[PDB]
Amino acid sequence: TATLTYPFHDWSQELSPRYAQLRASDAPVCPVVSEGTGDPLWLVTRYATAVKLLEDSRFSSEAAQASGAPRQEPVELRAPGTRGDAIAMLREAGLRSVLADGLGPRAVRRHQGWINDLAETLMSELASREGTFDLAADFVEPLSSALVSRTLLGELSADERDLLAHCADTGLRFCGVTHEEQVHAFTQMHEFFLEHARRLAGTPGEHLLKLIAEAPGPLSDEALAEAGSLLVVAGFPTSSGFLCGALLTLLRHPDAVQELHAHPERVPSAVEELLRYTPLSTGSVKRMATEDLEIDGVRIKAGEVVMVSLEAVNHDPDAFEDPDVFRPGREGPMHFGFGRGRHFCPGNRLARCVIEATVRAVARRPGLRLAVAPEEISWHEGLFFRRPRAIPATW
């Protein structure tokens, strides 16, 4: 119909041109309709409006996650009949900030050493390869797998890692699998943690699941299972998608990489520019109005859901001059790659650490290049978190 359906099917790094058109329109909030559910939704694409939305206490993230809320995703992201309320269930047990605690600066200082070791080990193995090699399979996959085992869940079997990864790729989708396959993904994940979370949390290590389980009524197995599913969904396809996308951005900008090779102290700024420039989610961050309000003049009624596309905001020319240029020296406002306000990614420091290690491993080795044109890269169509099927590269 004449109301836009959402999302915009921009599964590659080419952002849908619709986002810029909506940004330039006379509306600061645009009504859309969910393709997967038919629910009405509002969509924000301007940086200035997005700041107002994500800093407004009248907009609730948790209320937008509740069953029956208008939503963009085709299937509810919980096992049927369960809360799907992991952060609140941790808060209920007295686990104030266990998430941010176990992912903050002290955790980076524990893990950054082996993270950089592993990035170097992986890249050094690639430096010995002939012909074309795959940076997705042979760099991003082992690095992200080690990240999830060592920092989030505990030492996983290869079969366990393969299983959780498949559940993430199957359930976190707008399309490409059946309804039944999508629910079975969130079923199989929840069933998986109900049985194995206690054992995983009990092994020696610093992993977040152990911290959650071993912090001060006892922690129910349903809450520990909800925490496991939370860490997979929030930590696994995001890190793997982003690292793949960041590598593509670097390979597409050899002049920038040459600068980082010569001046490695500029890597942290390049990390921030990657977080702004490289797209990740194909949907949007969402919030529910808990009372009638106006945002930039547009009246929103209690119960309505307003979305912000982080990609659209990160490419807003009102915020970032030449927004479609990858400019590591950039000194613009804070990017939205980790969101904004109360729900700012609590994994942001760990993510920055793994991104930095990846950038350094690339910048240290001149000659790395994409083996084919960018438009020939194949993409997993329909994922919430963009990811190419492979990244063929050569020296």
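So that there is no doubt, residue numbering starts at 1 and follows the sequence shown. The term rigid core refers to the maximal set of C-alpha atoms that superpose within 1.5 Å between the two forms.
Using the rigid core as the fitting frame, the root mean square C-alpha deviation in 4 other deposited structures of this protein is greater for 196 to 204 than for the other of 196 to 204 and 138 to 146. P216 is a gap in at least a third of the other entries compared, counting only those with both neighbours built.
Counting the deposited residues that fall between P216 and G217 and carry no coordinates gives a value of 1 to 3. Looking at 307 to 315 and 82 to 90 together, the entry lists the larger mean B-factor for 82 to 90, computed on C-alpha atoms.
As recorded in the PDB entry, 66 to 74 is the stretch of 66 to 74 and 336 to 344 with the greater mean C-alpha temperature factor. Ranking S281, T249, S157, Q112 by Cα temperature factor from the entry places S157 first. Within the group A165, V257, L135, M288, the record's highest C-alpha temperature factor is found at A165.
Among the modelled residues of its chain, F320 has a C-alpha B-factor that falls in the middle third, as given in the PDB entry. In the deposited entry, the Cα temperature factor of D169 places it in the middle third of its chain's modelled residues. Per-chain ranking of the deposited C-alpha B factor places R330 in the highest third. Among all modelled residues in its chain, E141 ranks in the middle third by Cα B-factor.
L274: CA B factor in the lowest third of modelled residues in this chain (values from the PDB entry).
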